[PDB]
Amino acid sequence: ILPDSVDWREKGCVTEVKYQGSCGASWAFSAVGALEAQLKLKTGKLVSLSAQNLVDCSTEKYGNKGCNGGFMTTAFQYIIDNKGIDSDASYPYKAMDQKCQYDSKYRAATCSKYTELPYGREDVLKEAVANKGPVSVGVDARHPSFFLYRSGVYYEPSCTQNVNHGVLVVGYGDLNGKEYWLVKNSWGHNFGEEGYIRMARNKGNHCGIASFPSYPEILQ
């Protein structure tokens, strides 16, 4: 019933790969990346949203700690509560904790709601990627093989289901006998496959990719 593969980048719903640097803001990149796709779907415009806005403004009230880590779910809740998030162009990324400088004059998106998917359910994750759009997830990236990944379907025997790095599932497929998740990272274009990593799919929640999925929506 579900398509064999989906790629939301091919549907024009994914912005350029970003570079987080030495600031632990992968949660903020994962969240804006999911919302960017919903924004494209609803308005026809593809616009990078401000991860720095989340770093500086979605802070202790949201359980988040800026460059020391955060949640995608509470990032979405900030955008709901704030009734907007600035464009990345107006509020660019500095890889530092800064004062909140959100300005509604440069609001580029809103968020109406978000959804959390059940733990470890790669079938439900697949359905959501097919039927909803890119999904924010955490993965276990504390392995040299992850940092050193260049191409192919990533499979790390010592991976755990305990996540520590936010990323964005923008698709999935089946290539060269291997089912995979298509994952947008925030380590710049020189990481992996032009900034992407394809991660083993249907291998018992490999690297925790389906541990904590969430996605936002923008309602009419």
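Start at 1 with the first residue shown and count on from there.
Here the stretch with the larger average CA B-factor, out of 31-39 and 154-162, is 154-162. Looking at mean Cα B-factors across 73-81 and 100-108, the upper value is held by 100-108. Of the candidates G138, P92, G133, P118, the deposited coordinates give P118 the top C-alpha B factor. Note on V47, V169, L175, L54: the highest value goes to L175, judged by CA B factor as recorded.
When all modelled residues of the chain are sorted by CA temperature factor, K184 is found within the lowest third. In the PDB entry, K18 places in the middle third of its chain by CA B-factor. When the modelled residues of the chain are ordered by their C-alpha B factor, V129 lands in the lowest third. Sort the modelled residues of the chain by CA B factor and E217 lands in the middle third.
Sorting the modelled residues of the chain by their CA temperature factor places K203 in the lowest third.
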